[PDB]
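*Asks:* Experimental coordinates follow, after the sequence.
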Protein chains: 2
Amino acid sequence: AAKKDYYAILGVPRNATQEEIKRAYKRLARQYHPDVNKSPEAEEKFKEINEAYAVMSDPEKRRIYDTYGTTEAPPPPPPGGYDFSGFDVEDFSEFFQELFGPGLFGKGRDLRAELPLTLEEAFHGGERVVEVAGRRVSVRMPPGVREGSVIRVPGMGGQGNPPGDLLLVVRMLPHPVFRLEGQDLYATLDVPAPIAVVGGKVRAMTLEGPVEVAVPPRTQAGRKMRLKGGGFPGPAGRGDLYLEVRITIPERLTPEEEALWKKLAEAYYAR
Amino acid sequence: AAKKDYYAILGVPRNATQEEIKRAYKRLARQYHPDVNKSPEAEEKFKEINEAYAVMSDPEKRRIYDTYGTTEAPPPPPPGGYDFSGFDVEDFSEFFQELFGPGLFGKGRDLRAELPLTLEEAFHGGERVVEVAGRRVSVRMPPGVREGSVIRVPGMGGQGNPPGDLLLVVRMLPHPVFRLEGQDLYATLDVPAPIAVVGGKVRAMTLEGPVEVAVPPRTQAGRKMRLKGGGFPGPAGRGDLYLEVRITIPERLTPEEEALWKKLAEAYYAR
C-alpha cells in the first residue's frame, strides 16, 4: 500500500542514471543471490532488489513510479500492457500490483487462422507474407505443404505475459485442372482420337510447367499414365502424377478431312 | 357383463365333445362367413361364433368357462397366459374380456428388417415374397421405390393381441452400369470417335431395354445427354436418364483401316 522507495532499496540517489541503477543491481544481486547467500533474510531482500530493478531499469516504467502519488490513483496502461520480461511479476509487492496491475495481463491466448493456398503455392512453398486479422507475419513454408498442416509462428498470437503463438492451418483451394490426393496429383489428358490409335506425343501439363507425353499405339479412353515424381514434394519422398486419358475429337474440319472420317464411320455401320 | 351361453351360440348340448364343437363351428362359420353371406346381421353372428369357438375349442379354456361364476376354488389365469392366435380379441364382448383379460398379451412388437433390391427390381415394383426371421411374407411395392423407403406390412410382426407390423427398409444394391441420384439415372455411353465427328446413331441402354440415341455432329467427350422420363418413376413425376459421352477407339483394325488413322495423326503432328 505505502509507496516503496526503490531508490533506497538499490542504494542509489533520487536522480541516478540508468547505468548507475544497472551496476547497483549487479552489485546487490550477487550479494543476496539464493545460492551464494543461504540466509532467510536474503530471500526477501533479493525479491525487493528484483522488484526495484524491474521498475527502474525501464525509463518508461521509472517515470510512472516517479510521477505516482502526486496523481493519487494508478495511471492508464499502454496499448498491449507492461512488459516485465525475465521478472517473476506475481511474487512482487502489493504496491507494485496496485501501480502496474491495470496493465499486467496473464498468459496470452493462441490465435488459430486458416491459410488458403493454391496447389502451386503449396507445391513451391517458400516465403509467404500473411496478413490474418491482427498482424503482418512472414513465415517459411516447406515445399509440398498439405491441408491441415500447422505452421507455428511463435509469439505472434494474443497479447499477454508472455504473448501467445500464431497457429496457421493450411487450407487447399480447389484447382481447375489438378486434384490432390496424398502426395499424388490427378489430371485429365486430352488426347486426339487419331493420335490415340496410331500412338504419338501429346503436350500435357504439370505444376512445374508443360511436358511432352508419349502415348503408345492403341491406347483406350480411361488409361491412367504415371509420371514418376511429377506430384507433390515431401520430406521423405515425392508423389507422382496420374493422367487419365480422355479421347478428343475435332469440332471443326476442312472438306478434305470430312472424307476420311466418313469412310471410317461407314465401316462401323458395316460391323 | 352377464355370462354368455357359448353352447347356445354354437347349437351344442351342455356336455358336447370337442369334435362336436369343431363340426358345429364349421357348419355355422360357412353360413355366416363374410364373402358367402352379405348380411348386416351376419356380422355380429359370425363374431359371436368366433368368440365361442375360441373359448370352446381349447379344453383348458372351456373348463375355465364352465367353472366360472360358482363359489368354488378361485383360479388365477395360467403362468403362460392364453393363446388366442387368429382371433380379433379386442372386438369380442366384455364378458370374454373379463375372464381372459388377465392372461392376454398386448399388441405384438414390430419386426424390423432390410429389403435389398436391385435397380431393376426397385424400378418395376409390384408383388414380392420375402423371408424375415422365419416366415415368408407377400408385400406390394410401389414402382420406383428408393433407399430408406419404409414398407409397413400390417399384422405380420410379433405375436400379440393384435400382432405387430413388419417394417421393411429398402436398401439399394450397387449396379454395374447405372447410378441413382434422387430419381435421376446416370450412365456412361461409349461412342466410337468417327460417329462422334460425323454424327449418327448409337445403341444405348435403359432399365426398360436398349434404345437408339441420335448423336449430333461434332459432339465432344463429356457431353451429357438427357433422355426424358428414362429415370426412376415416382408419384407426381418421373426421373430422367443422363448419358455421359465417352469417346471410344478400336482395339483391333484391318491393314486398310491403318492408313485412314495414320493420315489424320500426321495432320495433327503438323498442326
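*Replies:* Done, it's in. Residues are numbered from 1 along each chain as shown, chains lettered A, B, ... in the order given.
*Asks:* for residue A:122, what are its contacts?
*Replies:* A:141, A:144-146, A:170, A:172, A:232 (CB atoms under 8 Å, 6 or more residues apart in numbering or on different chains). Bear in mind the C-beta positions are built from the backbone N, C-alpha and C, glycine included.
*Asks:* same thing but 7 Å
*Replies:* Contacts were defined as CB atoms under 7 Å, 6 or more residues apart in numbering or on different chains; by that measure residue A:122 touches A:144-145, A:170, A:172.
*Asks:* Without its sequence neighbours, what residue ends up closest to residue A:214?
*Replies:* Excluding its sequence neighbours, the residue lying closest to residue A:214 (CB to CB, 6 or more residues apart in numbering or on different chains) is residue A:201, at 5.1 Å.
*Asks:* What does the one you found show for phi and psi?
*Replies:* Dihedral angles of residue A:201 (phi, psi; degrees, to the nearest 10) stand at phi -120, psi 120.
*Asks:* these two touch, right, it and residue A:216?
*Replies:* No: in this structure residue A:201 lies outside contact range of residue A:216 using CB atoms under 7 Å: 10.8 Å.
*Asks:* now the strands for the stretch 101-250 of chain A?
*Replies:* Ranges of strands in the stretch 101-250 of chain A, per DSSP state E, counting those that start in this stretch, are A:111-117, A:126-132, A:135-141, A:150-153, A:166-172, A:179-181, A:184-192, A:201-205, A:210-214, A:224-227, A:241-248.
*Asks:* possible to save the ones you listed as TSV with mean neighbour count?
*Replies:* Converted to TSV, the strands of the stretch 101-250 of chain A look like this (neighbours: other CB atoms under 10 Å in any protein chain shown):
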stretch	mean neighbour count
strand A:111-117	15
strand A:126-132	12
strand A:135-141	13
strand A:150-153	15
strand A:166-172	18
strand A:179-181	15
strand A:184-192	19
strand A:201-205	15
strand A:210-214	12
strand A:224-227	14
strand A:241-248	21
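*Asks:* want to try TSV for these, with distance to residue B:263 as columns?
*Replies:* Output for the strands of the stretch 101-250 of chain A, formatted as TSV (distance: least, CB to CB, whole Å):
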stretch	distance to residue B:263
strand A:111-117	47
strand A:126-132	49
strand A:135-141	51
strand A:150-153	56
strand A:166-172	45
strand A:179-181	36
strand A:184-192	13
strand A:201-205	17
strand A:210-214	20
strand A:224-227	25
strand A:241-248	18
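*Asks:* Next to chain B in this structure, residues from the stretch 101-250 of chain A, please.
*Replies:* A:192-198, A:200, A:218, A:220-221, A:246-250 (CB under 7 Å from any CB of the partner chain).
*Asks:* Run through the bridge partners of the nearest residue to residue A:204 once chain neighbours are set aside.
*Replies:* In this structure, residue A:204 finds its nearest non-sequential neighbour in residue A:213, 4.3 Å apart by CB to CB, 6+ apart. Under DSSP bridges, the beta-bridge partners of residue A:213 are residue A:202.
*Asks:* Tally up the residues packed near residue A:220, please.
*Replies:* For residue A:220, the neighbour count with other CB atoms under 10 Å in any protein chain shown is 13.
*Asks:* List the contacts of it.
*Replies:* B:249, B:251.
*Asks:* Now with 6 Å, please.
*Replies:* For residue A:220, the contact set (CB atoms under 6 Å, 6 or more residues apart in numbering or on different chains) is empty.
*Asks:* And residue A:264, by the same measure?
*Replies:* Residue A:264 neighbours (CB under 6 Å, 6+ apart): B:194, B:260.
*Asks:* ok but it is inside a helix, no?
*Replies:* Yes: per DSSP: H, G, I helix; E, B strand; the rest coil, residue A:264 lies within a helix segment.
*Asks:* Next, count neighbours for the closest residue to residue A:198 other than its chain neighbours.
*Replies:* Distance criterion CB to CB, 6+ apart; nearest residue to residue A:198, sequence neighbours excluded, is residue B:265 at 3.9 Å. Counted with other CB under 10 Å, the neighbours of residue B:265 add up to 19.
*Asks:* and what of residue A:232?
*Replies:* 23.
*Asks:* these two touch, right, it and residue A:239?
*Replies:* Yes: the pair residue A:232 and residue A:239 qualifies as a contact (CB atoms under 6 Å) at a distance of 4.5 Å.
*Asks:* Overlap in contacts, these two.
*Replies:* residue A:183.
*Asks:* Tell me, domain by domain, which residues of chain A belong where.
*Replies:* Annotated domains of chain A cover A:1-105, A:106-171, A:173-271 [curated CATH domains].
*Asks:* Residue B:58 is nearest to which of those?
*Replies:* domain A:173-271 (69.9 Å; CB to CB).
*Asks:* how many neighbours does whichever residue of the stretch 1-150 of chain A sits closest to chain B have?
*Replies:* Nearest residue of the stretch 1-150 of chain A to chain B (CB to the nearest CB) works out as residue A:119 at 21.9 Å. By the measure other CB under 10 Å, the count of residues near residue A:119 is 19.
*Asks:* Relative to residue A:32, how far out is it?
*Replies:* Applying CB to CB, to the nearest Å, the value for residue A:119 to residue A:32 is 62 Å.
*Asks:* Am I right that residue A:14 sits in a helix?
*Replies:* No: read with three-state DSSP, residue A:14 is coil and lies in no helix.
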